[PDB]
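# Residue-level structural notes
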Amino acid sequence: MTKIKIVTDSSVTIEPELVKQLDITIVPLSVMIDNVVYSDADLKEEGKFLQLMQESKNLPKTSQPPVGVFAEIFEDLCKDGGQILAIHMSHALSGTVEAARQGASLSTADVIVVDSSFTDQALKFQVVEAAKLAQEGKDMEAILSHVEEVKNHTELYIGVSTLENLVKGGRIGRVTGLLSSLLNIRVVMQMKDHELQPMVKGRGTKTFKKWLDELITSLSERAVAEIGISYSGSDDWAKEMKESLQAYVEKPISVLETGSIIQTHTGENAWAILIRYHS
Ligand SMILES: CCCCCC/C=C\CCCCCCCCCC(=O)O
């Protein structure tokens, strides 16, 4: 029989070489910059979108992939007779996973669609694990259950230096219980069960450092499988966090610029820590 094929979306943050090595298909979102629509696939060069967003007259606007695009990719991918497992960013952030469900129903292909409950490198954990097992010839039930195990041992922490992109883009509606009379302020949230939960907020330049010290304390008694760090803007703070965190995980930490889809909604000088604990 034909190996299962893994699909995800371009909100995933992943080393490009791993996409090829694992035969992962990435369905691109799009972003409109000063009324010109770019495919996210053309916005992967380091720092390119950051510069565009710094200079554009308008805040960019992100768009999910069309239903019909998923239908056509699913139809092409199944020509080998194999099943498809599509793992996507949370429905709370984007309609992408729902467009995939609809594309699956329109296709003649045998398509399973899974909401990762995250995005960025936390979505990467599930997609990579799925594709590794797919490559080994595992069946759909075995892959789904291992992906779920990964999801359920994953945590996502995100810091932003302004609220304005979250407000304008709308995903502030997913932040539970945040009260700020200021947009320009530092906030650290945990994405848990499709909600952004504020852990702390503050104007000061030490708001992230003190939170980091608390995270590190909490890691003393945890077995950690993988940590990834993502950022928008410069990588200075991300590299600093890596220096403190690398001691807590054997696997080398991936420090990656987040994609245009995320940058549009977080703003510059944002960061994420994506942790996967041992199952
Ligand atoms: C700096 C890296 C941040 C990684 C974690 C990001 C998680 C939550 C923050 C909110 C992100 C919202 C993304 C919205 C994408 C919407 C795409 C669409 O138009 O459907």
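Residues numbered from 1 in each chain as written, not as in the entry; some residues may be left out. Heavy atoms only, no water. Residues with missing side-chain atoms left out of burial classes, pairs and counts.

The record names X-ray crystallography as the way this model was obtained, at a resolution of 2.100 Å.

As recorded in the PDB entry, the protein goes by Fatty Acid Kinase (Fak) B2 protein (SPR1019) and comes from Streptococcus pneumoniae.

A complete count under the given rule lists 7 salt bridges for this structure. For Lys 44, the salt bridge is made with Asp 40, and the minimal N-O distance between the two is 3.0 Å. Look at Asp 40 and you get buried, because its relative accessible area is 0%. Taking the shortest distance from any N to any O, the salt bridge between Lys 132 and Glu 136 comes out at 2.8 Å. Judged by its relative accessible area of 40%, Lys 132 falls in the partly exposed class. (Salt bridge = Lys/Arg side-chain N within 4 Å of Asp/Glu carboxyl O. Buried < 20%, exposed > 50% of the residue type's maximum accessible area, 1.4 Å probe, protein only.)

Here the focus is the site of the ligand. The local shell around the ligand holds 17 residues, among which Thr 62, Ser 63, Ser 94, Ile 262 and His 265 are the closest. Interatomic distance of 2.5 Å between a side-chain N/O atom of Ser 94 and an oxygen atom of the ligand. Protein chains bury 98% of the 590 Å² of accessible surface belonging to the ligand in isolation. Taken together, the elements giving at least two residues each to the shell around the ligand come down to β5 (61-63), α10 (260-266) and β13 (271-277). (Near = heavy atom within 4 Å. Polar contact = N/O pair within 3.5 Å; in protein donor to acceptor, adjacent residues only side chain to side chain. Areas by Shrake-Rupley, 256 points an atom, 1.4 Å probe, with all protein chains shown as cover. Helix = DSSP H or I, 4+ residues; strand = E, 2+ residues; numbered from the N terminus.)

This part covers the packing of aromatic side chains. The description of two aromatic rings rests on the distance between their centres and on the angle between their planes. Scanning the model with the defined rule gives 4 aromatic pairs in all. Connected via pairs of aromatic rings, a cluster forms that spans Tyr 157, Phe 208, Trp 211 and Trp 271. Looking at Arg 222, its charged tip hangs above the ring of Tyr 277, at a distance of 3.8 Å from the centre. (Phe/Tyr/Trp six-rings, centres within 6.5 Å; stacked < 30°, edge-to-face > 60°. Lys NZ or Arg CZ within 6 Å of the ring centre and 35° of its normal.)

Here the domain parsing of the protein yields domain 1 (1-153) and domain 2 (154-279). The straight-line distance from the C-alpha centre of domain 1 to that of domain 2 is 22 Å. At the junction of the two partners, domain 1 supplies 41 residues and domain 2 supplies 33 residues. Contributions of two or more residues to the side of domain 1 that touches domain 2 are made by β3 (30-33), α2 (48-55), β5, α5 (120-135) and α6 (140-152). Class assignment of the residues belonging to the side of domain 1 that touches domain 2 gives a composition of 15 nonpolar, 15 polar and 11 charged. (Domains from an automatic or database assignment. Contact = heavy atoms within 4.5 Å. Nonpolar A, V, L, I, M, F, W, Y, C, P; charged D, E, K, R; others polar.)

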